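Protein chains in written order, with the numbering used here: chain L, 4 to 153; chain U, -4 to 19. Working notes, structure below.
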């Protein structure tokens, strides 16, 4: 059920971020029943918000620099994220990956690609499931994430 | 040299930089 855990984490992250941005169609509500997954999500929102704020200007204009269209959106996502992890995986980089993905979703909502927001959830879940899963489990999974940011 | 590679490399440094605090 690992792809779905990742999908629910990124969905929660992005829904909360869109809500705060005034872009969420309807109310924010967390649907995560697993107490531990909820704790993971809450911490990820906290550290992602902190990372984004520390580099607000960079994250704000990132998607504009990429000249995103419907046809280049996924290839650009894969290209950016592959480059990010090509010189290593760590938890800070995973957070930056999540923040970038949320900025993509904001870009999509604001620049007339709102239907692609739900695609981000699947893109991130698939990326985590295929390319980061081995690393994540080798680094004690979400307990290692929570330890790292304590 | 691509904007894709430029932005990915940038994100890597942002994540590395962000991590320092938490081992300090």
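Just so you know, even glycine gets a beta-carbon here, dropped at the ideal spot from N, CA and C.
- For residue 152/L, the three-state secondary structure derived from DSSP is coil.
- For residue 13/U, the enclosing alpha helix (DSSP H) covers residues -2 to 18.
- For residue -4/U, no Cβ of chain L is located within less than 8 Å of the residue's own Cβ.
- With fewer than three CB-CB distances shorter than 8 Å, the region 62 to 74 of chain L does not count as touching the region 84 to 96 of chain L.
- Per DSSP, the unbroken alpha helix (DSSP H) holding residue 110/L starts and ends at 94 to 113.
- Comparing C-alpha distances from residue 113/L to each of 17/L, 26/L and 139/L shows the shortest one belongs to 26/L.
- Using a Cβ distance threshold of 8 Å, residue 92/L and residue 135/L count as a contacting pair.
- Put simply, the CB of residue 69/L is near chain U, with a gap under 8 Å to one of its CB atoms.
- Excluding its 5 nearest sequence neighbours in each direction, residue 48/L has C-beta neighbours in its own chain below 7 Å: 16 and 19, listed in chain order.
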